[PDB]
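Structure first, commentary second.
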Amino acid sequence: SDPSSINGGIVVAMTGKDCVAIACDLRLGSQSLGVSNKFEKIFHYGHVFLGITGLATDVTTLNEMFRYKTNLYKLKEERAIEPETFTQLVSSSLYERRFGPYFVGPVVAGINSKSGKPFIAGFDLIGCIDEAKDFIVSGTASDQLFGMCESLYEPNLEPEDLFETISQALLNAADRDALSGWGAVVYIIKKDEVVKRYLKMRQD
Amino acid sequence: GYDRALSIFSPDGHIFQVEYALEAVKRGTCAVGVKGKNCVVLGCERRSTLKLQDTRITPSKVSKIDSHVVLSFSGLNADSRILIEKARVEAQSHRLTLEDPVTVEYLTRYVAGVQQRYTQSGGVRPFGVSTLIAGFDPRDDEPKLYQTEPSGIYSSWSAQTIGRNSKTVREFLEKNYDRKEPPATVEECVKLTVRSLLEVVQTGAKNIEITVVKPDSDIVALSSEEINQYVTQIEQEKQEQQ
Amino acid sequence: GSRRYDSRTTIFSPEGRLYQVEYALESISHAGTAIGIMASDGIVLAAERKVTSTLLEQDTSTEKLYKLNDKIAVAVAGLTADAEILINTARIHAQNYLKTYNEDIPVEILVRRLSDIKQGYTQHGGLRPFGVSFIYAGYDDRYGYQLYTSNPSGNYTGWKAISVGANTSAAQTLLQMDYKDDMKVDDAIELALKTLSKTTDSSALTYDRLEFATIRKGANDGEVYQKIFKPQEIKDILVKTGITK
Amino acid sequence: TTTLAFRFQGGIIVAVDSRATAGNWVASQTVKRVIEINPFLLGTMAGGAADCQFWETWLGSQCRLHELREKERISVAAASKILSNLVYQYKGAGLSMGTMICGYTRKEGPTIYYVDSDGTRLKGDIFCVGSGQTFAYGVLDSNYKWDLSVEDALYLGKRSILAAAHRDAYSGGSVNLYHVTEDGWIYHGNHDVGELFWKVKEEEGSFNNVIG
Amino acid sequence: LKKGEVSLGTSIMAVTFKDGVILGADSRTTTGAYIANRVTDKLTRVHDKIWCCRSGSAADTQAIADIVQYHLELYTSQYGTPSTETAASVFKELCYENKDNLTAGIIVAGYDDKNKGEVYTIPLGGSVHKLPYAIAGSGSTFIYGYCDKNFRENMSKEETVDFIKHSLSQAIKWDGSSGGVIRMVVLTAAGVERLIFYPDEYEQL
Amino acid sequence: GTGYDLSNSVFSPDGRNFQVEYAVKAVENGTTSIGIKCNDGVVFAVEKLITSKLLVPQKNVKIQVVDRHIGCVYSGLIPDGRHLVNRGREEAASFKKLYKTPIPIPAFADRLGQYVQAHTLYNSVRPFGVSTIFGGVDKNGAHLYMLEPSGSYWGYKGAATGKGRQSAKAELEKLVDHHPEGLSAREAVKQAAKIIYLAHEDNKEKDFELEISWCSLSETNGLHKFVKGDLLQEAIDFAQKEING
Amino acid sequence: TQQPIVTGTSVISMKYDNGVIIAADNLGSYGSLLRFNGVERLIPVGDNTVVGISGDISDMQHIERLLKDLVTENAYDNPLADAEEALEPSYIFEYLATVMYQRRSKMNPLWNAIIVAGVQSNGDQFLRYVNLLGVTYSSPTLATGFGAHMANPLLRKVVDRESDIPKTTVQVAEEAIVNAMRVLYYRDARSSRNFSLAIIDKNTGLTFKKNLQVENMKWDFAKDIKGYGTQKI
Amino acid sequence: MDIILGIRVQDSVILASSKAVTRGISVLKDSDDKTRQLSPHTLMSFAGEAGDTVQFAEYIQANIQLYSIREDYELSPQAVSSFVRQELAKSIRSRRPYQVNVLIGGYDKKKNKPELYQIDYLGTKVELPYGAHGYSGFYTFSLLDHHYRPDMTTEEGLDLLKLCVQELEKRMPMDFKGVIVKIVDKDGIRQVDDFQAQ
Amino acid sequence: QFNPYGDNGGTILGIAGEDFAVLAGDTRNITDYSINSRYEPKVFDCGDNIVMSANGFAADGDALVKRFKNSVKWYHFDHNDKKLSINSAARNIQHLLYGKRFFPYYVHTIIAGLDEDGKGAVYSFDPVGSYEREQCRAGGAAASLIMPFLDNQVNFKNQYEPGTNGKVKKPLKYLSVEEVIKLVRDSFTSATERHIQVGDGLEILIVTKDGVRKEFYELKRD
């Protein structure tokens, strides 16, 4: 077997201007046979959005854990969880499990409720924090994704044009896979509306 | 410390903690069980003069341990919940290991052991609640009614009453029910239970709660309305001598 | 010796309940009031703030009103200290249930864990019981609104209107009389504000000497939207009822 | 080692081989192969020697205890499941057990459970365990008939064993036959393979329909 | 599991003279073929008049020695000043129970004023051995003849000072995992005297 | 009856709990033991009381070894003495294994000493109530130490205790003063016998059995030995000489 | 586990009619470097038993410490009993044997091979073996490591059986032990020149000769003189 | 493996589970329900090792049944699934994992819709209209995507499953001897005792 | 890392009789081509008229027999000095074995004695446990050689008188201890010729109702 590429997955985050964007696939497989075009990887906690790539078992286990941590934090503090803060808690939860299993690549996207500015940060299974405001990518096809983003992105994008960068970056990156087919979604996030747009794309 | 002398004998041979336990029972509600021979009826008092509460947020008098095992109590609320949790863990563990739907007696042996346990040995203080555990063992047409105490004793019993007005209901069971020849009708068993709890509750059918268990999981709790029609009937039998 | 310096008071009275437990009840009846009203389009909670003065910060009135969940909140009658330990454990118990069964904790389920620990506190160790009573305000999608109470005796009941802490008799008497089941949030508040007046003897009652919350259906949810009032919001509703007290 | 047990009208037929070897030379024609837990339960030896031995006396302690304490006849259904549950605890501890838990109680009738070190517990009319099992299965299957008399059932059992004995060399010192009833088991003697071979080869005419 | 491993200058000694012991060392840590350290303090005080030379794996020797340091501080305060033999046992115990991870070649040499100067040599695997002088590491076999023949008890300080400077400077030349400074430690009752000589000095002298 | 007589989970107004004070008083009504420090050794002697002819001579012994070169005798409560010694052994052996040397007497003293102090800071753990005269020779000389109930110890040059303490101490100081410290180890055996014989005059309603031992650097070659044979007959001779006979 | 890095080589022993003899070199080897010359490996325990340990010196040091406790603890309780119920070979033997079995059974054995030689003051002569493999035996000849192979057959001509023991005597026995040691320094170069020899007579007690040196020389090299390093141009 | 299929029709979940265990030449056992009823509207079907199956099954039924009485109502398919996955995800770290991969065919009886869940032995959770285990899906996903499209009555689900099973027995070399069919709806769990074209 | 456990030789032979039982064993203890001893038996009388040998690897043997002797001692202590039967002894020796199946073990144990009827019993063990009673049973290195002969001369299986050898047979012999020692004597003597796991001495333990009797015959030496 594979350690995380049973089901694969890719995730991309961009910063815009008052805005951020996070996109991902919707593949579920059993080894190389794609079984479903649906499986959500993006959840959010207060207003900080967490996409987690990897093995499906490990996304589920982390998603329930981060619910548990956010809720008690939320309850004591009478206040939601903040992108900046969330980065640190993710690091600290992941480093404890570097000795355990985990074969994940989470990407965080949000807009702070405390200086109004875009925030994205990236994580590996190792727990190297990737401090970025341009784009940050994770997943199986992350190398390629870095090449596509480094060329295609241009700074200071508004939701419609930002949308076009991310959607095409992800589509052409994915076309050289099969482990990134079976449908894909883009969320373009403002701090007042979130537009969710399904793309039409390849499958085996 | 607290692992010693909570419980010891007197030279008079009374136990302190057991003796103050039986007193919580007399003070509390009233529960009675009367057995047919193809039914078991459990009648219960729940007594409140304050009318600003519902039955559906005040706990029920008869709690299910299994679909075919029921538990009734008189005493503290707090303590009884502890006992109820063990009995459900013991039902499902038995089903797992011996692969038999539960025998009602074995479950009495588990609840009774716990009750013995905190008395004999320190680091815990005893309970102040007595229970009725009743039900049907699989492949039986014969009703089972048991009593277990804070002492941790148990024995099987044809009709039995605990709680407020134990004397009155006792006399009534002595003079109107037999071990030898009980009700053979379901109906007559209902009639008898209502007759007994009516003399003591000092209210109508709106503070007596009847639950009838016919064989192997067949449980229907008659409502205030259904009990009232027998309550009417009862005032008529009593006006042949009035 | 020191085996006779044991207090031996977490054993039964002949009165059918432990010494320390009965004595503790008194302590509650000498600390702040909580009032719980369950309505047919909300749940209204009122509590009178114990010490109010300029030397205190007056803009805080969450000193006894904590939300345990998204749709469950409690009111305290007793002392801050005693309360905190049960609040934290109920919060976790909420999260254990949520995580195991994928659904939020029902009001009685939550009540029942708290009550088994309160009993526990005298049952194991010999230690002293609490000095807190809660009145729980919550919604569940299986019974509608539920409003309950637990005491350090570990006995709990549900009620349609109850008061705990000081002046239980007086407030309960009035509540039973004006109660209806066609009341709305606003009709309850008015009612609540009358009752509170009749138990407090004053020239006037001010908005900062109250802690208030209601849990209504809302208009941003089909759920229930929990509204925690702060002094300045207490001031507004006092005008709206036209009940100055 | 080839052991079979089948459920029929008269109770249960349990038939087993015995053989102990030093080389391929038959060192002793003797060794147990039914471990008589108590008169109501049999467990048949086809696993590791020590594993079977240790847990099956230990199983005898749980049956004896249940009846002494709870004053209730223990089921076969309970006997297998107590066993399976412990087995899963000692799984990947080096365990090798292949046994069939046999009893005939009032409340179930004749009941045969196959229990292995994988912890599997299956109820069936027919279970054969061994390694001459496929061949032994053949003889039994082609002459299977639930409605049968105890004597004729014994002869079919013993020919099945023979069949497996001839081809496979891990059976065939001797045959022990037992018929397990309600009130306990009845031993049907020890039959020598030498004398039994010449009768069957001529008699049965299966794999022998033109004599070979 | 330690990833990479470390090594020390592997020609260590304690020599007895007129009034005590003079302790001598080369120091050099390398991690592979990367020169981790030109100079080092591997001339380790374990008590005020009892020092040692540490050899073997850097990670391991330092980790042990710290533990020995804790026991011999506590040991002094309570049970009176140690001896060379007392220090040596503590070092050995720690090596022997954990010789499943430890590689420590130890000379502990200390001065007492009723035993005079004392050398106790604890090789790998750990066993206490009392000798009147020692040489250790793996470069010691090659100077065994020199050392035995010119070893003399009650030799003048000037003469011992030359003898150690020379002994090592020859050893260091022919052996390859040796290198860096020669540091020396004079232990008499007047206290502890510290010598350091750099490469360019000793080669020449 | 103050909790300064039923508990040691407090400090006293007298700086010690009554029960420890009482241990000191019970050593003194007891049996006599001495210890004689000399310029090359130490000598021990103890009075063993004879109450019946049913006792066997020297097949009950009160001086017990720890290691092989430290000799321990104690006066006072028998059970407490066994327990102290059993401990003394576990320390001594741990020291020999761990540092590869016989244990020093100021070291050995700190280890027993800390353990006598421990049992005197708990409200339910019995104090010790023996005074132990102990000592031996090590690699910087001979040492005589005396350990008390309370955990108190100092080095001695002469030591005495028991019923006959007064008498014993009188002779003992005279002889120690006269001598550089105690003269030879050999001379000290006889002297030691006189003190014990002299102390026996304070209790003539019982008999004694004189028991001596020694531990001497060049006069036992580092070992602790029992004093017997000729050496015991000679000390007896000297004793019956002065105390008339 | 426990693996060679410091080694002691060979302990020999055999019984005669009134006693036993034991001899063993004094060696701390570091492979083929004779690093430590003097290291004890015969421990007298009491005054009628001598423990000879072969094998790793690091581990021998562990047995050495256990023994130091055995001498103190057998004098504990009763310093009246020292030869009656303290310190017999059979007691020393069983004490050692318990540590040995326990360390091996958990699969981290102590690496020694041991002979506890003694003469019981309450019985007859004692010669019994225990090693790290757990193999245990009594025999009138016992020898450890390399000595097991070579020394032992020479000892065995004297006694190999119950019947031969009364026919063996101090003179025969003593010659045989030295003859044996001579064979070991001769065919093995690890075993040291300097050795110690102890003869333990029941009537005369324990006698321990320290610093015997292997003698009755063999100057075999003078035969093979043909030159070995003068090389001519 | 053990061939385990599922199809979700508009009102129901039909689950198909092998009826045989085959040992060389002959079927050693051929009466095989490879599924266990948790509750009257929760069923779970299984594939994996033979022993893991029953040991997990019985442990899990017992826990759920304890929750049903304590809380005094039947636990949702959703409640069971989150519970089932969380236990499987833990076991992998431990010496002995439960190696059963499952199909939970449920009626959500509180909002009136059928739901089908595939949860793997690791913990890989998916909701699907139809799904399959192993190599099965290479051949039978090719017939189900092509000939079926949603909103088709229950009987059409029966005929499709048989066509899938026939192709498996023909072309794939595994041998599992048809399917024994069970239907989970609000009327409970029913056996289809035909498999002749159903 | 190390496994010090291997195996060593030795051979034992147990025979159950009517009224008696023997457990015979050699005195030679070896490891490879060396002689560890010439006189040391691996057979011990463990008491209550139970005789035992745990033949094979010495290290395992010595330890199992120390364990069984303490266990016998405590039984007696706690249970009114009750006789340890061959049936009780057997069960106990299994529990000890299965206690250490986790660790390497290497003995073929055979216990003989008498049961409380006065009837011989010989029980044989594997190094993991399991037992069953046999009428004659060879154990150890030469088990495999001794048993084929042993079956013809003791058990009269595969042993037939002339005439048809199949209807005419030699019956199973009514046992008597004297003829059985001749059989044992013959086995062990043939074994010294073929095996270097056998020789030095032969120790026959005979267990009877008159007690335990030791019989001694010499075997091959140089």
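For the structure tokens, the naming scheme is as follows: chains receive sequential letters (A, B, ...) according to their order of presentation, residues are indexed from 1 within each chain, and ligands are indexed from 1 in presentation order.
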Requested in this report: Can you pull out every residue within 10 Å of residue I:93, counting only C-alpha atoms, but drop anything in the same chain fewer than 5 positions away, and send it as a ChimeraX atom specification?
Outcome: /I:64-65,67-68,71,88,98-99,109,111,125,129-131
Write the residues you've just listed into a file as a PDB file, in the first residue's frame, and include N, CA, C and O atoms for each of them.
```pdb
ATOM      1  N   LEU I  64      13.483 -26.247  36.024  1.00  0.00           N
ATOM      2  CA  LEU I  64      12.146 -26.819  36.137  1.00  0.00           C
ATOM      3  C   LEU I  64      12.094 -27.726  37.415  1.00  0.00           C
ATOM      4  O   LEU I  64      11.135 -27.462  38.143  1.00  0.00           O
ATOM      5  N   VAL I  65      13.132 -28.579  37.599  1.00  0.00           N
ATOM      6  CA  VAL I  65      13.080 -29.486  38.807  1.00  0.00           C
ATOM      7  C   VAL I  65      13.170 -28.773  40.135  1.00  0.00           C
ATOM      8  O   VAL I  65      12.432 -29.155  41.019  1.00  0.00           O
ATOM      9  N   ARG I  67      11.856 -25.681  40.598  1.00  0.00           N
ATOM     10  CA  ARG I  67      10.528 -25.159  40.666  1.00  0.00           C
ATOM     11  C   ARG I  67       9.555 -26.200  41.106  1.00  0.00           C
ATOM     12  O   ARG I  67       8.682 -25.791  41.887  1.00  0.00           O
ATOM     13  N   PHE I  68       9.654 -27.486  40.610  1.00  0.00           N
ATOM     14  CA  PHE I  68       8.657 -28.491  40.916  1.00  0.00           C
ATOM     15  C   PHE I  68       8.765 -28.917  42.355  1.00  0.00           C
ATOM     16  O   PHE I  68       7.719 -29.043  43.022  1.00  0.00           O
ATOM     17  N   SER I  71       7.099 -26.371  44.796  1.00  0.00           N
ATOM     18  CA  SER I  71       5.676 -26.482  44.583  1.00  0.00           C
ATOM     19  C   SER I  71       5.126 -27.722  45.300  1.00  0.00           C
ATOM     20  O   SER I  71       3.968 -27.686  45.654  1.00  0.00           O
ATOM     21  N   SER I  88      -1.668 -35.318  39.823  1.00  0.00           N
ATOM     22  CA  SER I  88      -1.692 -33.937  40.293  1.00  0.00           C
ATOM     23  C   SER I  88      -0.506 -33.128  39.833  1.00  0.00           C
ATOM     24  O   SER I  88      -0.612 -31.912  39.604  1.00  0.00           O
ATOM     25  N   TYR I  98       3.755 -24.127  30.501  1.00  0.00           N
ATOM     26  CA  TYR I  98       3.025 -23.193  29.730  1.00  0.00           C
ATOM     27  C   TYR I  98       3.338 -21.780  30.279  1.00  0.00           C
ATOM     28  O   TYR I  98       3.141 -20.755  29.597  1.00  0.00           O
ATOM     29  N   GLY I  99       3.820 -21.631  31.582  1.00  0.00           N
ATOM     30  CA  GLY I  99       4.278 -20.429  32.143  1.00  0.00           C
ATOM     31  C   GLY I  99       5.494 -19.874  31.449  1.00  0.00           C
ATOM     32  O   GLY I  99       5.838 -18.710  31.616  1.00  0.00           O
ATOM     33  N   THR I 109      10.108 -34.069  29.136  1.00  0.00           N
ATOM     34  CA  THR I 109       9.969 -34.472  30.557  1.00  0.00           C
ATOM     35  C   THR I 109       9.147 -35.762  30.502  1.00  0.00           C
ATOM     36  O   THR I 109       8.274 -35.915  29.614  1.00  0.00           O
ATOM     37  N   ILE I 111       7.366 -38.290  33.575  1.00  0.00           N
ATOM     38  CA  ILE I 111       7.219 -38.591  34.921  1.00  0.00           C
ATOM     39  C   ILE I 111       6.593 -39.953  34.981  1.00  0.00           C
ATOM     40  O   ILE I 111       5.831 -40.368  34.122  1.00  0.00           O
ATOM     41  N   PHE I 125       5.632 -35.423  28.258  1.00  0.00           N
ATOM     42  CA  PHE I 125       5.469 -34.026  28.043  1.00  0.00           C
ATOM     43  C   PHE I 125       6.292 -33.559  26.808  1.00  0.00           C
ATOM     44  O   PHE I 125       7.364 -34.156  26.491  1.00  0.00           O
ATOM     45  N   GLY I 129       4.146 -28.201  27.007  1.00  0.00           N
ATOM     46  CA  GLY I 129       3.125 -28.766  27.827  1.00  0.00           C
ATOM     47  C   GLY I 129       2.267 -29.682  26.922  1.00  0.00           C
ATOM     48  O   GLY I 129       2.651 -29.877  25.704  1.00  0.00           O
ATOM     49  N   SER I 130       1.166 -30.258  27.536  1.00  0.00           N
ATOM     50  CA  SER I 130       0.265 -31.293  26.998  1.00  0.00           C
ATOM     51  C   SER I 130       0.830 -32.539  27.532  1.00  0.00           C
ATOM     52  O   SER I 130       2.074 -32.647  27.656  1.00  0.00           O
ATOM     53  N   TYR I 131      -0.017 -33.502  27.981  1.00  0.00           N
ATOM     54  CA  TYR I 131       0.383 -34.878  28.383  1.00  0.00           C
ATOM     55  C   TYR I 131      -0.670 -35.828  28.094  1.00  0.00           C
ATOM     56  O   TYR I 131      -1.841 -35.453  27.963  1.00  0.00           O
TER      57      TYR I 131
END
```
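Taking stretch 10-55 of chain I and asking which residues DSSP calls strand (DSSP E) on the backbone, you get residues 11, 12, 13, 14, 15, 16, 21, 22, 23, 24, 25, 26, 29, 30, 31, 34, 35, 36, 37, 43, 44, 45, 50, 51, 52, 53, 54 and 55 of chain I.
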At a cut-off of 9 Å, can you tabulate as a tab-separated table every residue of chain G near chain E together with its closest atom pair and the distance in Å to one decimal, using only C-alpha atoms and ordering rows by chain then number?
```
residue	atom	partner	partner_atom	distance
G:1	CA	E:100	CA	7.3
G:2	CA	E:99	CA	8.2
G:3	CA	E:125	CA	8.8
G:4	CA	E:125	CA	8.6
G:5	CA	E:125	CA	6.6
G:6	CA	E:125	CA	7.3
G:28	CA	E:129	CA	8.8
G:30	CA	E:123	CA	8.8
G:33	CA	E:141	CA	7.8
G:36	CA	E:129	CA	7.3
G:39	CA	E:129	CA	7.7
G:57	CA	E:127	CA	6.5
G:58	CA	E:127	CA	4.9
G:59	CA	E:96	CA	8.2
G:60	CA	E:127	CA	8.8
G:61	CA	E:127	CA	6.6
```
Query - Contacts of residue A:94 within 10 Å, only C-alpha atoms, excl. fewer than 2 positions in-chain, as an MDAnalysis selection string - result: chainID A and resid 62 88:92 96:100 102 104 123:128
Keeping only C-alpha atoms, write those residues as a PDB file, in the first residue's frame.
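Final output, again.pdb:
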```pdb
ATOM      1  CA  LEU A  62      -7.728  15.617  13.109  1.00  0.00           C
ATOM      2  CA  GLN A  88       0.385  27.670  16.618  1.00  0.00           C
ATOM      3  CA  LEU A  89      -2.159  25.145  17.998  1.00  0.00           C
ATOM      4  CA  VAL A  90      -1.946  23.100  14.771  1.00  0.00           C
ATOM      5  CA  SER A  91       1.924  23.034  15.132  1.00  0.00           C
ATOM      6  CA  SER A  92       1.688  22.030  18.699  1.00  0.00           C
ATOM      7  CA  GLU A  96       3.151  15.379  19.438  1.00  0.00           C
ATOM      8  CA  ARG A  97       2.130  13.032  16.662  1.00  0.00           C
ATOM      9  CA  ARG A  98       5.300  13.130  14.576  1.00  0.00           C
ATOM     10  CA  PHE A  99       6.081  10.066  16.777  1.00  0.00           C
ATOM     11  CA  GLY A 100       2.630   8.685  16.073  1.00  0.00           C
ATOM     12  CA  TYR A 102       0.319  11.106  10.501  1.00  0.00           C
ATOM     13  CA  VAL A 104      -1.061  14.849   6.228  1.00  0.00           C
ATOM     14  CA  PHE A 123       2.086  22.403   7.265  1.00  0.00           C
ATOM     15  CA  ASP A 124       3.600  19.200   6.406  1.00  0.00           C
ATOM     16  CA  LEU A 125       3.676  15.880   8.351  1.00  0.00           C
ATOM     17  CA  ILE A 126       6.984  17.117   9.728  1.00  0.00           C
ATOM     18  CA  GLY A 127       5.347  20.325  11.075  1.00  0.00           C
ATOM     19  CA  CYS A 128       7.517  22.806   9.288  1.00  0.00           C
TER      20      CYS A 128
END
```
Query - Spatial neighbours of residue H:193, max dist 9 Å, only C-alpha atoms, sep filter under 5 positions, as an MDAnalysis selection string - result: chainID H and resid 180:182
File of the preceding selection, C-alpha atoms, as a PDB file, in the first residue's frame:
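This is the output file part_15.pdb:
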```pdb
ATOM      1  CA  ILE H 180     -27.653 -13.778  -0.357  1.00  0.00           C
ATOM      2  CA  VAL H 181     -29.579 -10.529  -0.454  1.00  0.00           C
ATOM      3  CA  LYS H 182     -30.957  -8.525   2.409  1.00  0.00           C
TER       4      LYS H 182
END
```
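Excluding residue I:76 itself and same-chain residues fewer than 6 positions from it, the residues having an atom within 12 Å of it are residues 47, 48, 69, 70, 82, 83, 84 and 85 of chain I, counting only C-alpha atoms.
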Report task. Would you mind telling me which residue in D:191, D:117, D:86, D:210 lies nearest to chain B when using only C-alpha atoms? Result ->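 Checking each candidate against chain B, we get D:86 as the closest.
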Query raised in the report: Counting only C-alpha atoms, which residues from chain H have an atom at most 8 Å from any atom of chain B, and could you show them as a VMD selection string?
Result: chain H and resid 58 to 59 62 to 63 65 to 66 69 to 70
Query raised in the report: Near chain C, which residues of chain H fall within 8 Å when you count only C-alpha atoms, and what do they look like as a VMD selection string?
Result: chain H and resid 71 78 to 80 82 to 83
Query raised in the report: Suppose you want the space between atom CA of residue G:11 and atom CA of residue I:63; what is it in Å?
Result: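 Atom CA of residue G:11 sits 25.1 Å away from atom CA of residue I:63.
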Query raised in the report: What residues in chain A lie within 9 Å of chain H, counting only C-alpha atoms, written as a list in words?
Result: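 Every residue meeting the condition is included here: residues 28, 30, 33, 35, 36, 38, 39, 55, 56, 57, 58, 60, 61, 100 and 101 of chain A.
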Query raised in the report: Looking only at the backbone, which of the residues in stretch 63-138 of chain A does DSSP tag as alpha helix (DSSP H), as a PyMOL selection string?
Result: chain A and resi 63-77+83-95
